[PDB]
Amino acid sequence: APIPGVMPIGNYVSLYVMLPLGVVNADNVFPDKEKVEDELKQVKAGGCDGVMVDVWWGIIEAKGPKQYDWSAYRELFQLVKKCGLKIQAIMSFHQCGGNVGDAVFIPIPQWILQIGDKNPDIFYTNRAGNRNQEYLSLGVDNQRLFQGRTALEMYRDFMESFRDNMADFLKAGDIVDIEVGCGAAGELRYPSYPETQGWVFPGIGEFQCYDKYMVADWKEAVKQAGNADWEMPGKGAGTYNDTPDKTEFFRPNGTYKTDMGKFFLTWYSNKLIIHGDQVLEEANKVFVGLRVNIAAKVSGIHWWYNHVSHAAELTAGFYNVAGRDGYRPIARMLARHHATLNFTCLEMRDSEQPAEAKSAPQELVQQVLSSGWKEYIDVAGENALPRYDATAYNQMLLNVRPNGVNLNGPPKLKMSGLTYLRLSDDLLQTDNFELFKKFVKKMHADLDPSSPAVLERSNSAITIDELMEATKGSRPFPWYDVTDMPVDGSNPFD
C-alpha cells in the first residue's frame, strides 16, 4: 500500500496562463515592458509553470511575403525565460478582435487582404454570400493565389521561420508547446457562429462551405456518389439564430438524417479533417526531432448536444450524432502526427446554461477527452469564458483528473496541461488571485512547482475510409461527480 502523505509526481498537471491580447501590438512593438514584467513575476510567484501567447501572422509577416520580423517576440520570449516561465506559442494564422467592444484589432497580413478585395472566395462564405476575413478557407489550402504561394506553403514557411529564428529557446527547452491554428480563434472548425454576422448564443450556426473553391470540390464529390443534382443545404437549414425544430434541416427526422444529409455532412466534416491533417503535417515536418509538443485546438460546441440533431456541432464541422462519434476521427488524425488535442471548453456545468439551449458541456468534455485518450494522444485544455469562482476552478480540477489522484502512481486519466484565460487586472485583484493560487496548488496536486518527448515523424497517411472506422460510437470513460482535490482543502471521500 502507499505511504501516508506521499503523492506520486505523475499526478501533477501543468498550469499555463494566457497573456493579454496585444502584448505585442499591431505595429510589432512590445510596450509596457515594465508592467508586463511585474505581471509575470506575480504569475511565477503564484506557482504557474508558464504562459501562452499568440504569435500573430499579420504582425510578423505584415510588410510583405517572407518579410518576417521576429525581434519583438524574441524580446517577449527572453523576458518570459528570465522570469522562469515556460512558453506555449500559438501559430495564429487568424484575426484578433476588430470590433467596437475589443482590446485590439490584428488582421491577417494586409497583402493577403488585398488579394481578397479582388477574390473574396479565399474566405469562408455563408449561403447569403457573406465573407468572413478571420481566416483563409481550407478551400484555398492548395490554390497558388498568394504571390506565387499556396496557403499551406505560407503556413509551412512561417513555421520554418519561427523554428529557425527561435532555435535557441527551442534547444534550451523554453518553448514547450506549438499550438497550430487551423481556423478562426486558432481552432480546427468552421466559422459557423460568427459574431460579425449577428450570431448569438445559442443559435444553431450556419454552414460555411459556399466559397467557389469549396463548391467546386462539392460538385465533383456529389457527382461521383451518383447524384449530380444534390445541392448544398438551402433555406431549409435556417439561419444563425434559429432553433433546430424551426428548420427543415435539423428538426427530428429532418434532412440531416436522409441520404443527402449524411453525404453532405460527411463531406463537410471530412474537408475539415483533411485540412487539419495537411496543416499539422507541415507542422510535424518543421518541428520533427525537437523536444516540443504540437497541438491543435478544438472548440467545445456544447449547445444543442442534447438535441438529436447536434445542430451547432454540425455547422461547426463536427459530425457528431447518435451512433456517429465526430471527435474520434479527429483524435485519430492527430495521432498520426503525434499531436496533442487541446479542448477549449473545460470549466462549464450543464446547470449554468439555459434549458432551451439543450446544452451538455459536461458530457461533451467526457466524450472528447475519452475519444482522445482512446487514440493514444494527450489532451490539454482551456476554459471558454473568464471565471474567478470556486465552482469553475473545481470543475476544471475534475476534468484534468476525472478519477482523482492515484497514490500508487500516474493516474488512469490525466490531462497533459491546462491554459487559463486570461492574465488580466481582474485576475490579479487580491481576493480573485488568492483563490487562483489555491487552484494552481490543486492542479499541481499539492506538490510544489517544478521535458516533453522528442517529436516523432508523422506516421503513414490514413486513407479516408480507415478514418471513418473511428466514427463507431462507444462508451466513454466513467467520470467522478466531484473533484478529489477541491479548492477549499477538503476531501469528499474522507
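Numbers follow the displayed sequence, beginning with 1.
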Hey, how big is the hole between residue 432 and residue 433 in terms of deposited residues without coordinates: none, 1 to 3, 4 to 9, or 10 or more? none
With respect to the recorded C-alpha B factors, which stretch has the higher mean value, 394-402 or 218-226? 218-226
On average, are the C-alpha B-factors higher in 97-105 or in 379-387? 97-105
Name the residue from 194, 116, 411, 317 with the greatest C-alpha temperature factor listed in the entry. 116
By the entry's C-alpha temperature factors, tell me which of 208, 367, 269, 110 sits highest. 110
Select lowest, middle or highest to describe the third in which the CA B-factor of residue 167 falls within its chain in this entry. highest
In terms of its chain's C-alpha B-factors, the third that includes residue 474 is the lowest
Taking the chain's C-alpha temperature factors as the reference, tell me which third residue 330 falls into: lowest, middle or highest. lowest
Among the modelled residues of its chain, does the C-alpha B-factor of residue 54 lie in the lowest, middle or highest third? lowest
Sort the modelled residues of this chain by their C-alpha B factor and say whether residue 203 lands in the lowest, middle or highest third. lowest
